[PDB]
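Enquirer: need a structure here:
(7 chains, ligands or ions: 7)
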Amino acid sequence: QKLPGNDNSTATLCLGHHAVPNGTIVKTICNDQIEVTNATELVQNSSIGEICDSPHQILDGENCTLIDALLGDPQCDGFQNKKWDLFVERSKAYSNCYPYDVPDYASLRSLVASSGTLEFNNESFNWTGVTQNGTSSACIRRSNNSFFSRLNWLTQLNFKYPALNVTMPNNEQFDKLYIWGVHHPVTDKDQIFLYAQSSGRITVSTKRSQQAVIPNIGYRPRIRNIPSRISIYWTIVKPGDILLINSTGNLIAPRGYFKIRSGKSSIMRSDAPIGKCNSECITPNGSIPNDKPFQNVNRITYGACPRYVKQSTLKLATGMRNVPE
Amino acid sequence: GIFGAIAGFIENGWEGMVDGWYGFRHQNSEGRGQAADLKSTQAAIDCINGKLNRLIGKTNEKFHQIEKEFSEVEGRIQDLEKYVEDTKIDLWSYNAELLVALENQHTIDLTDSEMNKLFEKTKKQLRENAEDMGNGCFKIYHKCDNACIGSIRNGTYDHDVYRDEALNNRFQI
Amino acid sequence: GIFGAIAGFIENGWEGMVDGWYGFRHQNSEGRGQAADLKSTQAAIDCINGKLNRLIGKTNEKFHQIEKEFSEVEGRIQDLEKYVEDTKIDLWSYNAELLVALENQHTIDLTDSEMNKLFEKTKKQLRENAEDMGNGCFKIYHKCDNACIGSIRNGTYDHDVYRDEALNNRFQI
Amino acid sequence: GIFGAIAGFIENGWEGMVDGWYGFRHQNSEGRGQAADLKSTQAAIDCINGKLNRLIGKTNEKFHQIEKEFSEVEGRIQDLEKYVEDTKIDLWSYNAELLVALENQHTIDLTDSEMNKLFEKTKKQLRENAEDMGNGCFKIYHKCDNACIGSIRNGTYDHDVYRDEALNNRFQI
Amino acid sequence: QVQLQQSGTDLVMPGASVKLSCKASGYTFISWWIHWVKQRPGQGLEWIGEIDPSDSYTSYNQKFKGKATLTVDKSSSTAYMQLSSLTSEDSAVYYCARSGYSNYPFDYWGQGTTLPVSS
Amino acid sequence: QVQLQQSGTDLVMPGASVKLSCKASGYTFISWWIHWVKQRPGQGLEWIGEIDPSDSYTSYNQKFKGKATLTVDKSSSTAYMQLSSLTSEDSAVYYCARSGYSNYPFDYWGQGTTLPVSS
Amino acid sequence: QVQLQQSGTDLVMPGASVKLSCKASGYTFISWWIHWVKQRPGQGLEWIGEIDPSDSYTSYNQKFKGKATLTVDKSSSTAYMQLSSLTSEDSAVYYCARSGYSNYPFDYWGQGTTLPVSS
Ligand SMILES: *[C@@H]1O[C@H](CO)[C@@H](O[C@@H]2O[C@H](CO)[C@@H](O[C@@H]3O[C@H](CO[C@H]4O[C@H](CO)[C@@H](O)[C@H](O)[C@@H]4O)[C@@H](O)[C@H](O[C@H]4O[C@H](CO)[C@@H](O)[C@H](O)[C@@H]4O)[C@@H]3O)[C@H](O)[C@H]2NC(C)=O)[C@H](O)[C@H]1NC(C)=O
Ligand SMILES: *[C@@H]1O[C@H](CO)[C@@H](O)[C@H](O)[C@H]1NC(C)=O
Ligand SMILES: *[C@@H]1O[C@H](CO)[C@@H](O)[C@H](O)[C@H]1NC(C)=O
Ligand SMILES: *[C@@H]1O[C@H](CO)[C@@H](O)[C@H](O)[C@H]1NC(C)=O
Ligand SMILES: *[C@@H]1O[C@H](CO)[C@@H](O)[C@H](O)[C@H]1NC(C)=O
Ligand SMILES: *[C@@H]1O[C@H](CO)[C@@H](O)[C@H](O)[C@H]1NC(C)=O
Ligand SMILES: *[C@@H]1O[C@H](CO)[C@@H](O)[C@H](O)[C@H]1NC(C)=O
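Expert: Residues are numbered from 1 along each chain as shown, chains lettered A, B, ... in the order given. Ligands and ions are numbered 1, 2, ... in the order given. Sure, the structure comes next:
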C-alpha cells in the first residue's frame, strides 16, 4: 500500500485488514501451517489437579472399596446408609475383613454404582435353629472379632443345622437387592464343625430367576491368616416377587435390602484429593473446565464433559489470517 | 482464502488497526487518516462467535459408562470393551480434526469474502470517479477524497456532483 | 464464502418471480416487464436436487441387531450394549448436525454464487453500454427496446451497434 | 459455490498446456503464443498435494482387535461384536464418502478460484488499457513488440506510454 | 388466504364519475401488481390498465387512456379506478387482478363489480 | 496411441508441385498444432511452417515464404503441404511434428517423407 | 513489552539547536506512527507533529512549524525531533508517543525529556 506523494488534484483511498503482530498457527485443509491473527484452544490439556464436589455428591472412598462398603467392612462402617453421585475409589484401598471373591465383581460394582446409594433396611428374617452373628479373627471391629455388618454368618446350633426355608415378599413399590453368599470351607472337618453337614446347598430363588450354588471345600492361599473364601452373590426382587432363600448349609445370610434405583451415579478410580470448586466435569486426574469441546486428560469422565480425542492441540481460527510487514 | 484479497491484491495487513478488523486509509490534501468499517468487522465477529457458541459449551452429560482401564486379563469382554472405546476415540478424534480444519478453512474464506465485499462495495460506490490500482487502493480523481466528501463512504456517496473524468481519468499528457 | 449478492447489492428478493429463481427486470420506453433466467435457476435446482437424491431415498437395511431396551438390571454386558448404542446415536447425531449445517452453508453459498455469476455475465455482456449502479440494475446508456432487452437476456448481445450511442451518453451527455 | 471461470466464462479448455495448469495465450503482430503461469499452478498444486498429505501414508496401527468372522452361531456376545463392527464400518464409510465429496468440491472451488484470481490479476494489471470480451480474453487496445505480453505475465506491466494510445483506441467515433 | 374484496353493485347516473375499489388482503400489497379487466355481457374480457403499488407506475390501454385513472392506497391496501364520463358503453363488470408484474398472468381475481350506467 | 502417419516416398520431377500428407490419429486434431521440418541429407533440421487446425492460422519461415503452403483437412484429420516449384535444393526429408502451440515443443514426429527431386 | 526509551535531561544554551531522541523497542518500528507532545509546567499538553516511519511523512502543528523537524532512523529504530532557535518559551518537557496512525490515540508514551533552556 505505497501511497503516492499527495498531488493536490487526485489521490488515493486504500483498503486493509487487521494483522495483529505474531499471531497463531492453525491447520486448514489446504495448508497444515497457516498463521492467523487469533485462535482458541479446543482441547483441554490439563486439569486443576484435584476432584471437587459442588454440583455432584462426591463420596471419597478413602482406603475402602465400593463392594467392601456394600458388605460392611469395619474400616468402611462410616459409609452406612450413604448416598452419592460418584464413588471415588482410591488406589490405596484394601480389605481388612474375611477374604471374599465376587464371581461377577464387575457387574455387581457397576449395578451398585448405578443405583448410587447404600441405604439399608433391616428385615426380621426367620432364622430358626441356627446360630446368628458368626465372628472371625480376620475381621476386627472395635478390637473384637467381628464380621461384615450387612452379612449374617449362620452356623450350627447344638450340633444340628435344620434346613433353612424362609420367605420375604416385596410388598413395597421398589426393587430389593439382597446381598448374600456361600462360605467355602478349608476342610471337611471344618465344614462339619461349622454346618453339621458334609455338603451344603443354597437355592436363592424368586418368581423369575433362581440361583443354586454349591460350596467348594478345599485349601486356598492364606489372606489375613484365613485359608477360606466367601463368594458373594446378589438377588434383585421386583415388586410383587417373593425372595425364597432355602439352604442346608454354608449360607452367609442377608440382613435386608439395599434399595437400588436409577439415576446419575457412577464410580471412579482416582487418587486426586477432594477440594472445593464449582465444576461440572470430573476426570480421574481431577476436575476440568468443561468450556472446551474436547480434551486429552483422561477417557474416563463423569458429568457434562468434553469428548476425549487423541490430539494434543486443536486451534480453531478465532481471527483472520495474519499477513505482517 | 479463495477470494484473493487478504493474501492477494492487499500486499500486507495494517498493524495499528486497534478498533476494527477492516478499514479505510487515505492521503488527501488535508493529511492522512484512517477509519474502521464497523459492518464487515461486525459480520465477521458475528459468524466467528456463532461458531464459538456452537463449540464452547453444549457438553453432553455422560454419568455411567463402561470401564475403560483394566488391571487384569479376562478375554472376550475386555477386548470388546477396549475395541469399542478405541473405535469411539478414533471416530471422535477424526470428527474433531475434520471439524477444526473445515471451520478454519471457512473462517479464512469468510475473511477473504468480507474483504472482497468491502472492496467491491467501495468500487461500486465510486463508479467512474476512481480507478483501482491493483494494490487494493482507489485513485480518486476529483478533490477531497476522504476529508469532506469522503466521510460519506458509509453508504452516502453522491458520485454525481464529482463526475470529474476530465482531470486525469480520461486525459492525454 | 458469501459473494455478497443475495444480501449485498440486491437489497431484497422479488416476491412475484413465480417462475424461475433468478431473473432480469427492465425499464424501457415501451414499459416495464420482467422474466426469469432458466440456466442459473436450472443449475441451482440441479445441485439442490442432487443433494436431495443423495439424502432422500437411500437407506441401509439393518435386519437383526442387539437389544436396545432392557427390563432387568444385569451389569457388564447390558452396560456395554447401552454404551455402544449411545455411542452410535451420538456419532450419528453429530454426523446429521454437521451434514445439515454444511449442506445448508453450501446451498446458500451456491445460491449467492449463481446470482453473482449471472450478474457478472450480464456485466461482461455490456462492456461500455451499462454502468453498475450498485443496486443490481445497470444504467444502460442507449435506446434499448424489448428486442435488445431480450437479446441481453438471450446471449445474442451485439455490444457494437449501440457502442457509439452508449459512449456519448456515458461521458458527454 | 463455484466461481464462473473454469466451466463458465473460460469456454472450452485449451489442452496445449503440457507444463502448467493455468496460463496465457496471446495473438500479437509477432504471432500467436502460449505461456504458463507458475504461481497459480504452484498454489493449486500445493493445496492439492497438501490434501494428499493428509491421506497418503498416514495410517493408524491396530494390532489386536476383536474377532470379525464367526464359524459358529452364538448369542449376545457374537451379536454385539457383529453390531459393533458393522457400526464402525458404516461410520467410517460415511466419513470416507463425506470427506471425498467435500475435498472434491473444495478442489473444484479452488481451481475455479485460482483461474478467476489470475483473470482478476490480469484485469487489474491492464487498468483501462484492455477490455473484457466475456470469452476470457483481453482485447488490449495498444500494439506492442511482445515485451508487453512478457511484462503482463510476470507482473511488471505499467500503463507506460500505452495509456493515451489505449484510451484513444478505446474511445473513438 | 389471499382475497381481493370488491363492492357488489354501484348505481351511477350517466355522465358522472365513479371511484371503484378493490381491497387487497392476505398478501404484501407492495410486492404484487394490480390490474383491471372489463367484461361486457356481449363482449369478451378487455384489459384496461396496470398499477405498481410500490411507486404508482401507470400504463393504460389505448382505448382507456382518457377513461380510467389508477391509484392505490398503501395504508388501507386498496386500489382505485377513477372512471370519468360514464356512458352507456361503460356498463360492464369490472375485475381487479393480482399478477406479480406487468408481463405475468393474473394470479387471483376479484369478485366483479357490476356498474349499470342507467337512469 | 498417438502417431503421425505419412506417405512413404514420392518421386516428383523437377519444376513440379507436390502435396505431402501427414495423417493424424490418436488425438484431437484441432487442439494441437502441426509443424513441418525439412532435413537435408548433409545439413540439419530446418523449420518451415506451423498451422493451427482450429482456424488455419499460417506463419512460415522467412526463407520458405513462397515455397510452402500449409493446409489442413479437419474431416480426414490430415495436414497437407503444397510445395511449389521444386528444385535440386528441395530434395530432402520432410517431417511433420505435433505441438501444443507455436512455442510449445514438437511432441511427436512423423515417419518422414523422402522427396527425391530428380529427372 | 512496548517501550519508548527517551533521554532524561539535556542542558542546551539558548539560541542553539538540539536533536532529541526516542528509541523504540518491543514492536515493529515501521508499522506504528510516532508523535511528539510538549508540556510546559504552566500549560497543558501541546501536540507538535507526527511522523510515519514507513516513508517519512511529515505534518506538524501550525504553532510548531519552523521550530521542529521530525526524522526517523529505521536501522536503529529511533525517532528524532530537531529543535531550531531555542528560546525561553521552548523550555518544557517533551514526550514521544506511539499512536498507530495519524488520527489514532497515542498507545504508549516515552519517559519525557526535560529541556531547560537557560544560560
Ligand atoms: C496345603 O498347602 C497349603 C499351601 O499353600 C498350606 O497352606 C499353608 O500352610 C502353612 C502352615 O499352616 C501356613 O503357614 C502359617 O502361616 C501363618 C501366617 O504367617 C504370617 O504371620 C506370621 C505371624 O503369625 C508371620 O511370622 C509370617 O511371616 C506371616 O506374615 C503363621 O502364623 C503360621 O505359624 C504357625 O506355625 C508356626 C510353626 O511353623 C508356629 O510357630 C506359629 O506359632 C503358628 O502356630 C504358619 O507359619 C501358610 O500360611 C499356608 N499358606 C500358604 C500360602 O503357604 C496348607 O497348610 C496345606 N494343607 C495341608 C493339609 O497340607
Ligand atoms: C512475537 O514476535 C515478536 C517479533 O515479531 C517478538 O518481539 C515477540 O516476543 C513474539 N512473541 C512471543 C510471545 O514470543
Ligand atoms: C485407612 O484409613 C483410615 C482413615 O482414613 C486411616 O486412619 C488408616 O491409617 C488407613 N490405613 C492405612 C493402612 O493407612
Ligand atoms: C418362623 O418359623 C417358625 C417355624 O417353626 C414358625 O413357627 C414361626 O411362626 C415363623 N415366624 C415368622 C415371623 O415367620
Ligand atoms: C445379631 O447382631 C445384630 C446386630 O447387627 C442384632 O440386631 C441381633 O439381635 C443379633 N442376633 C443375635 C441372635 O444375637
Ligand atoms: C434469442 O436466441 C434464440 C436462440 O439463441 C433465437 O430465437 C434468437 O437468436 C434470439 N431471439 C430474440 C427474439 O432475440
Ligand atoms: C519478468 O519476470 C522475470 C522473472 O521470471 C524477470 O526476468 C523480470 O522480472 C521480468 N522480465 C523483464 C525482461 O523485466
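
Enquirer: which ones are touching residue A:188?
Expert: Listed by C-beta atoms under 8 Å, 6 or more residues apart in numbering or on different chains, the contact partners of residue A:188 are A:198, A:217. To be clear about C-beta, it is placed using only N, CA and C from the backbone, and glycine gets the same treatment.

Enquirer: distance of it from residue G:66?
Expert: 121 Å (C-beta to C-beta, to the nearest Å).

Enquirer: got it, and residue A:252?
Expert: 107 Å.

Enquirer: got the phi/psi numbers for residue A:76?
Expert: phi -120, psi 20 (degrees, to the nearest 10).

Enquirer: would you mind confirming that it makes contact with residue A:66?
Expert: No - here residue A:76 does not reach residue A:66: they are 9.2 Å apart, not a contact under C-beta atoms under 8 Å.

Enquirer: who's more crowded, those two?
Expert: residue A:76 (27 against 23; other C-beta atoms under 10 Å in any protein chain shown).

Enquirer: residue B:51 in helix, strand or coil?
Expert: Look at residue B:51: counting by DSSP: H, G, I helix; E, B strand; the rest coil, its state is helix.

Enquirer: cool, and residue B:47?
Expert: Classified using three-state DSSP, residue B:47 is helix.

Enquirer: roughly how far does it sit from residue C:3?
Expert: 15 Å.

Enquirer: which of the two has more neighbours?
Expert: residue C:3 (25 against 16).

Enquirer: now do the contacts for the more buried one.
Expert: For residue C:3, the contacting residues are B:113, C:109, C:112, C:113, C:115, C:116, D:1, by C-beta under 8 Å, 6+ apart.

Enquirer: in terms of helices and strands, where is residue E:27?
Expert: Residue E:27 belongs to no helix or strand when elements are defined using DSSP states H and E.

Enquirer: so what's the residue count around the nearest residue to it once chain neighbours are set aside?
Expert: Spatial nearest neighbour of residue E:27, chain neighbours left out: residue E:2 (4.9 Å); criterion: C-beta to C-beta, 6 or more residues apart in numbering or on different chains. Other residues near residue E:2 come to 11 when the count uses other C-beta under 10 Å.

Enquirer: residue E:2 touches residue E:29, doesn't it?
Expert: No - Residue E:2 is beyond contact range of residue E:29, at 11.0 Å (criterion: C-beta under 8 Å).

Enquirer: let me see the contact set for residue A:198.
Expert: Contacts of residue A:198 by C-beta under 8 Å, 6+ apart are A:188, A:191, A:192.

Enquirer: now tabulate these in a markdown table and tack on secondary structure and distance to ligand 6.
Expert: Formatted as a markdown table, these follow (DSSP: H, G, I helix; E, B strand; the rest coil; distance: C-beta to the nearest ligand atom, whole Å):
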| residue | secondary structure | distance to ligand 6 |
| --- | --- | --- |
| A:188 | helix | 108 |
| A:191 | helix | 105 |
| A:192 | helix | 110 |
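
Enquirer: out of these, which is nearest to chain D?
Expert: residue A:191 (36.3 Å; C-beta to the nearest C-beta).

Enquirer: each with direction, which strands does the helix or strand harbouring residue A:244 pair with?
Expert: Per DSSP H and E: residue A:244 is located in strand A:242-247. Next to strand A:242-247 in the sheet, as set by DSSP bridges, lie strand A:164-169 (antiparallel), strand A:202-205 (antiparallel).

Enquirer: most packed of those?
Expert: Mean neighbour count (mean count of other C-beta atoms under 10 Å in any protein chain shown) peaks for strand A:202-205 among the strands paired with strand A:242-247, with a mean of 19.

Enquirer: would you mind writing the CA trace of that one as CSV?
Expert: Extracted in CSV, the C-alpha atoms of strand A:202-205 (Å, rounded to 0.1, in the frame of the first residue of the first chain):
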residue,chain,number,x,y,z
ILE,A,202,-28.2,-72.8,48.7
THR,A,203,-31.1,-72.1,46.3
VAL,A,204,-32.0,-68.4,46.5
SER,A,205,-34.8,-68.1,44.0
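
Enquirer: next secondary structure after it?
Expert: Criterion used, DSSP H and E; the element after strand A:202-205 is strand A:210-213.

Enquirer: that next one and chain C, are they touching?
Expert: No - using C-beta under 8 Å from any C-beta of the partner chain, strand A:210-213 stays clear of chain C, with a minimum separation of 13.0 Å.

Enquirer: buried stuff in that strand?
Expert: Neighbour-count burial for strand A:210-213 flags residue A:213 (criterion: 16 or more other C-beta atoms under 10 Å in any protein chain shown).

Enquirer: strand partners (parallel or antiparallel) of it?
Expert: In its sheet, and by DSSP bridges, strand A:210-213 pairs with strand A:202-205 (antiparallel).

Enquirer: which residues are in contact with the partner strand?
Expert: A:178, A:180, A:182, A:210-213, A:233, A:235, A:243-248, A:250-251.

Enquirer: now do the contacts for the nearest residue to residue B:128 once chain neighbours are set aside.
Expert: Distances taken as C-beta to C-beta, 6+ apart put residue B:165 closest to residue B:128, at 6.3 Å, once the chain neighbours are dropped. Contacts for residue B:165 (C-beta under 8 Å, 6+ apart) come out as B:128, B:129, B:141, C:171.

Enquirer: list the contacts of the last one.
Expert: Going back to what we said before, that points to residue C:171. B:165, B:170, D:171.

Enquirer: please repeat the previous calculation with a cut-off of 10 Å.
Expert: B:128, B:163, B:165, B:166, B:169, B:170, C:128, C:141, D:171 (C-beta atoms under 10 Å, 6 or more residues apart in numbering or on different chains).

Enquirer: ok, of the residues you listed, which come out buried?
Expert: B:128, B:163, B:169, C:128, C:141.

Enquirer: can you tell me how far the fourth one is from chain G?
Expert: As judged by C-beta to the nearest C-beta, to the nearest Å, residue C:128 and chain G stand 37 Å apart.

Enquirer: ok and the residue in the stretch 201-325 of chain A nearest chain C?
Expert: For the stretch 201-325 of chain A, C-beta to the nearest C-beta, closest residue to chain C: residue A:236, 6.3 Å.

Enquirer: run a quick neighbour tally on that residue.
Expert: 21.

Enquirer: in the sheet, who's paired with it?
Expert: With DSSP bridges as the rule, residue A:236 is bridged to residue A:177.

Enquirer: ok, now how distant is it from residue B:149?
Expert: Residue A:236 is 86 Å from residue B:149, by C-beta to C-beta.

Enquirer: and if you look at residue B:125?
Expert: 12 Å.

Enquirer: go on, residue E:24?
Expert: 44 Å.

Enquirer: same deal with residue A:175?
Expert: 83 Å.

Enquirer: how about stretch A:86-101, does it reach chain C?
Expert: No - shown here: stretch A:86-101 not in contact with chain C (C-beta under 10 Å from any C-beta of the partner chain), separated by at least 15.0 Å.

Enquirer: export only the CA atoms of that stretch, formatted as PDB.
Expert: Extracted in PDB, the C-alpha atoms of stretch A:86-101 (Å, rounded to 0.1, in the frame of the first residue of the first chain):
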ATOM      1  CA  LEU A  86     -19.700 -40.500  42.300                       C
ATOM      2  CA  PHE A  87     -17.800 -43.000  44.400                       C
ATOM      3  CA  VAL A  88     -14.100 -42.200  44.100                       C
ATOM      4  CA  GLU A  89     -12.200 -45.400  44.700                       C
ATOM      5  CA  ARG A  90      -8.500 -44.900  45.700                       C
ATOM      6  CA  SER A  91      -5.500 -47.000  44.700                       C
ATOM      7  CA  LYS A  92      -4.600 -47.300  48.400                       C
ATOM      8  CA  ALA A  93      -7.800 -49.200  49.100                       C
ATOM      9  CA  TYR A  94      -7.600 -52.700  50.700                       C
ATOM     10  CA  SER A  95      -9.700 -55.200  52.700                       C
ATOM     11  CA  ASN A  96      -9.400 -55.800  56.400                       C
ATOM     12  CA  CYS A  97     -12.100 -58.500  56.900                       C
ATOM     13  CA  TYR A  98     -12.800 -62.000  55.800                       C
ATOM     14  CA  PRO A  99     -11.500 -62.800  52.300                       C
ATOM     15  CA  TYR A 100     -14.100 -62.700  49.600                       C
ATOM     16  CA  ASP A 101     -14.300 -63.100  45.800                       C
END
